[PDB]
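Undergrad: my complex, first installment, coordinates as in the assembly:
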Amino acid sequence: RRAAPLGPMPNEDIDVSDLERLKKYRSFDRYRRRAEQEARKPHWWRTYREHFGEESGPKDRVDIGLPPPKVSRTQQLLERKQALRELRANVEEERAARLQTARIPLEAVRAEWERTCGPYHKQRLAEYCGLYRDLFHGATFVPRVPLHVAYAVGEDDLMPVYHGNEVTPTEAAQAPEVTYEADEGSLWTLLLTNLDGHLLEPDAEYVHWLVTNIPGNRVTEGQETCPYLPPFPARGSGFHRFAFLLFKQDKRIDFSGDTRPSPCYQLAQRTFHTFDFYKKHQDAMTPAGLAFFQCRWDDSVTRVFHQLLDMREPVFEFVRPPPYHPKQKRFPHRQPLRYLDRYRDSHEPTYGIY
């Protein structure tokens, strides 16, 4: 009983008649490539992708963006072309190349990456750690604006927040320094959200520090709704993730329901859903910049719960399911003696009536 192929059958296209006249890949490599090409299309038969959770596959992106920066095509193409003509033309450069000594001014690279497709790397990095899942839930924004966060670790020291990097609450005890650039017609609201680590409510998060109505680059001038509360992970569960977000507001918004007490160390007082808070102010607030860090329990955190929240310190563990053993048999056949100790309740001789 033969069936009929549904759509294309993979190799059918090439002619078996006259194999000698067909070109080959003599290279393991070429093959590898063409192979992975075929690994990336939607085949009509059960495939790895299908079962292994490509995570929803195609998604129609709900996009709340800062609309794309508008520049002209042919202009930049020409300018670039010329810059290259200049560069290559240089003989000093080619001498530097043949003899294999050259270096790249990594800082300038940081600047230009920051300038062109860097905001996209940001995007897919946030998408990597699931920022969109837990915050805006359906949606994708592009970090048009660079957001630079940091902590002074000493008089001379600064530990910055890149997206994704790991930071200690030793450095998270103090308010962060923030740099981004705009003129002042600007109205801003910047948010620090703790995506996971909420004790009672799996679907909810903690806002440590939240600012509102920030003119231009002015940091302290912004009216703070939520004063700064240091990151407080749990001893057991390692590596919470903390997010710095930037919204552009058009008209100054004032919300007293969002406003919190000034000391505010009580944990029920910070209970938060970026979803709902943004549903509120959506028409005014447009998502802009992104930088976030990974943080796990550290000693200083012990000071928090005792000193700050009048709380006991939760400690957690990691529990892997007890191993699977088959229904015990009355007569284990052909089994190692130690089979018996598999089903052992606990280890102790138990003399029932003796």
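TA: Great, that's in hand. Numbering: from 1, shown residues only, chains lettered A, B, ... in the order given.
Undergrad: Going by C-alpha atoms from here, please, whenever you check contacts or count neighbours.
TA: Will do.
Undergrad: State the distance from residue A:191 to residue A:7.
TA: Plainly put, residue A:191 is 51 Å away from residue A:7 if you go by C-alpha to C-alpha, to the nearest Å.
Undergrad: Over to residue A:60?
TA: To residue A:7, residue A:60 is 26 Å away according to C-alpha to C-alpha.
Undergrad: Show residues contacting stretch A:167-182.
TA: Under the contact criterion C-alpha atoms under 8 Å, 6 or more residues apart in numbering, stretch A:167-182 has outside partners A:145-153, A:159, A:161, A:216-217, A:219, A:228-232, A:293-298, A:300-301.
Undergrad: mind checking the end-to-end distance for that stretch?
TA: Length of stretch A:167-182, first residue to last, C-alpha to C-alpha: 28 Å.
Undergrad: Return the distance of it from the chain's centre.
TA: Distance, stretch centre to chain centre, for stretch A:167-182: 18 Å (C-alpha atoms, centre = their mean, to the nearest Å).
Undergrad: Stretch A:105-115: how far from the chain's middle?
TA: Worked out by C-alpha atoms, centre = their mean, stretch A:105-115 lies 22 Å from the chain centre.
Undergrad: Equivalent analysis for stretch A:104-124, please.
TA: Relative to its parent chain, stretch A:104-124 has a centroid offset of 17 Å by C-alpha atoms, centre = their mean.
Undergrad: With stretch A:115-133 instead?
TA: 7 Å.
Undergrad: Tell me the helix or strand right after whichever strand or helix holds residue A:126.
TA: Using DSSP states H and E, residue A:126 sits within helix A:118-129. Using DSSP H and E, the helix or strand that follows helix A:118-129 in sequence is helix A:131-134.
Undergrad: still on that earlier bit, which of the contacts of stretch A:167-182 are buried, as a PyMOL select command?
TA: In PyMOL, this line selects whichever of the contacts of stretch A:167-182 come out buried by 16 or more other C-alpha atoms under 10 Å:
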select buried, chain A and resi 145+146+147+148+149+150+151+152+159+161+216+217+219+228+229+230+231+232+293+294+295+296+297+301
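Undergrad: Please narrow the contacts of stretch A:167-182 to those residing in strands.
TA: A:148, A:149, A:150, A:151, A:152, A:159, A:161, A:293, A:294, A:295 (DSSP state E).
Undergrad: Also, this goes in as chain B:
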Amino acid sequence: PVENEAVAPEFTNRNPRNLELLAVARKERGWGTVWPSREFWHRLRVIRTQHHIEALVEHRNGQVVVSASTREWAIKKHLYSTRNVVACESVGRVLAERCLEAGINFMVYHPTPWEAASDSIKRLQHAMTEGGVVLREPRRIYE
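TA: Placing chain B onto the earlier chains gives this:
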């Protein structure tokens, strides 16, 4: 007591990056008919075109995490002759700093026998070594 004092027994850690850092997570053991070993959390994927060197960092979801490409105007404009050994080293350091920026210290590299011997890749590997990035992903915990 305190109204905040409630915790609940079992904690939800929703962040995917977690376990892979804790090393407790699942790798993909397997294949071993085929190549390369798809066992890893993170992999170094270097694609050398006749024109441009593109070195990537991969997740087994097939999604590339952090990438350094020569077609990117940033490196393209700073130095000369895209195909050169100089350029492979370049893209290497770039991806290295970009790695610590991402924060990932660990990815595995599987060169090809004839590739592993070549220079461009030797000094690629040095760019990553001196970047502070480790190849050879740390082993699993209770694998």
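Undergrad: can you check the contacts of stretch A:167-182 again with chain B included?
TA: By C-alpha atoms under 8 Å, 6 or more residues apart in numbering or on different chains, the surrounding residues in contact with stretch A:167-182 are A:145-153, A:159, A:161, A:216-217, A:219, A:228-232, A:293-298, A:300-301.
Undergrad: Now the residue in chain A positioned nearest to chain B: closest residue in space that isn't a chain neighbour?
TA: At 4.0 Å from chain B, residue A:165 is the closest residue in chain A, using C-alpha to the nearest C-alpha. Sequence neighbours aside, residue B:103 is the residue nearest to residue A:165 in space, at 4.0 Å (criterion: C-alpha to C-alpha, 6 or more residues apart in numbering or on different chains).
Undergrad: And the one you found, how far from residue B:31?
TA: 29 Å.
Undergrad: Of the two, give the one with the bigger neighbour count.
TA: residue B:103 (18 against 11; other C-alpha atoms under 10 Å in any protein chain shown).
Undergrad: Report whether the expected contact of that one with residue A:164 is present.
TA: Yes - Residue B:103 is in contact with residue A:164 according to C-alpha atoms under 8 Å; the separation is 5.6 Å.
Undergrad: Residue 106: what's it in contact with?
TA: Looking at chain A here, since you left the chain open. residue B:94.
Undergrad: actually it's chain B I care about, not the one you picked
TA: Counting by C-alpha under 8 Å, 6+ apart, residue B:106 has contacts B:42, B:133, B:134, B:135, B:136, B:137, B:138.
Undergrad: Please tell me which one of those counts the most neighbours.
TA: residue B:42 (25 neighbours).
Undergrad: Quick check: bridge partners of that one?
TA: Assessed by DSSP bridges, residue B:42 has beta-bridge partners residue B:59.
Undergrad: can you list the residues that contact the helix holding residue A:126?
TA: A:132-133, A:140-146, A:163-164, A:290, B:15-17, B:65-66, B:102.
Undergrad: What distance do you get for the residue nearest to residue A:165 to residue A:219?
TA: When C-alpha to C-alpha is the yardstick, residue B:103 and residue A:219 sit 27 Å from each other.
Undergrad: try residue A:354
TA: According to C-alpha to C-alpha, residue A:354 stands 79 Å off from residue A:219.
Undergrad: got it, and residue A:352?
TA: Distance from residue A:352 to residue A:219, by C-alpha to C-alpha: 75 Å.
Undergrad: any idea how far the single nearest residue of chain B relative to chain A is from residue A:293?
TA: Nearest to chain A, among the residues of chain B, is residue B:103, at 4.0 Å (C-alpha to the nearest C-alpha). Plainly put, residue B:103 is 9 Å away from residue A:293 if you go by C-alpha to C-alpha.
Undergrad: and then chain C:
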Amino acid sequence: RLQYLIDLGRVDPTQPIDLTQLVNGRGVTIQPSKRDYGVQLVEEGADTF
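TA: This next block brings in chain C, placed alongside the chains you saw above:
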């Protein structure tokens, strides 16, 4: 079992206790012919005692 036997006053703690007494309370059974060299002690009621 020992706590039991003192509790129901089979073997009384007052006078000394050796094997013989444990026997007479029918609390234990020894078959010497079967290579039984006596009674031995275990910890089962440790906290009970």
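Undergrad: ok chain C is in now, so what about the contacts of residue B:106?
TA: With contact set as C-alpha under 8 Å, 6+ apart, residue B:106 has these partners: B:42, B:133, B:134, B:135, B:136, B:137, B:138.
Undergrad: swap the cut-off to 10 Å and go again
TA: By C-alpha atoms under 10 Å, 6 or more residues apart in numbering or on different chains, residue B:106 lies in contact with B:21, B:40-44, B:57, B:99-100, B:132-138.
Undergrad: and these near chain C, which?
TA: Among the contacts of residue B:106, no residue sits close to chain C (C-alpha under 10 Å from any C-alpha of the partner chain).
Undergrad: Tell me which residue is most central in chain C.
TA: residue C:22 (4.0 Å; C-alpha atoms, centre = their mean).
Undergrad: For burial, what's the neighbour tally of the nearest residue to that residue once chain neighbours are set aside?
TA: Nearest non-adjacent residue to residue C:22, counting by C-alpha to C-alpha, 6+ apart: residue C:28, 6.1 Å away. By other C-alpha under 10 Å, 16 other residues sit near residue C:28.
Undergrad: if we can go back for a sec, quick one, phi/psi of the residue nearest to the centre of chain C?
TA: Dihedral pair for residue C:22: phi -60, psi -30, per degrees, to the nearest 10.
Undergrad: for it, what are its contacts?
TA: C:2, C:5, C:10, C:11, C:12, C:28, C:29, C:39.
Undergrad: mind checking how far residue A:135 is from residue B:110?
TA: For residue A:135, the distance to residue B:110 - C-alpha to C-alpha - is 36 Å.
Undergrad: tell me the contacts of residue 41?
TA: Defaulting to chain A. Per C-alpha under 10 Å, 6+ apart, neighbours of residue A:41: residue A:49.
Undergrad: you looked at the wrong chain, it should be chain B
TA: Applying C-alpha under 10 Å, 6+ apart, the residues contacting residue B:41 are B:20-21, B:23, B:25-28, B:58-61, B:106-108, B:137-138.
Undergrad: can you count the residues close to residue C:31?
TA: Residues near residue C:31, counting by other C-alpha under 10 Å, number 9.
Undergrad: and what of residue A:327?
TA: Close neighbours of residue A:327, defined as other C-alpha under 10 Å, add up to 7.
Undergrad: does it belong to a helix or a strand, and which?
TA: Going by DSSP H and E, residue A:327 is not in any helix or strand.
Undergrad: on that earlier part again, can you list which of the contacts of residue B:41 are found in strands?
TA: Using DSSP E, those in strands are B:58, B:59, B:108.
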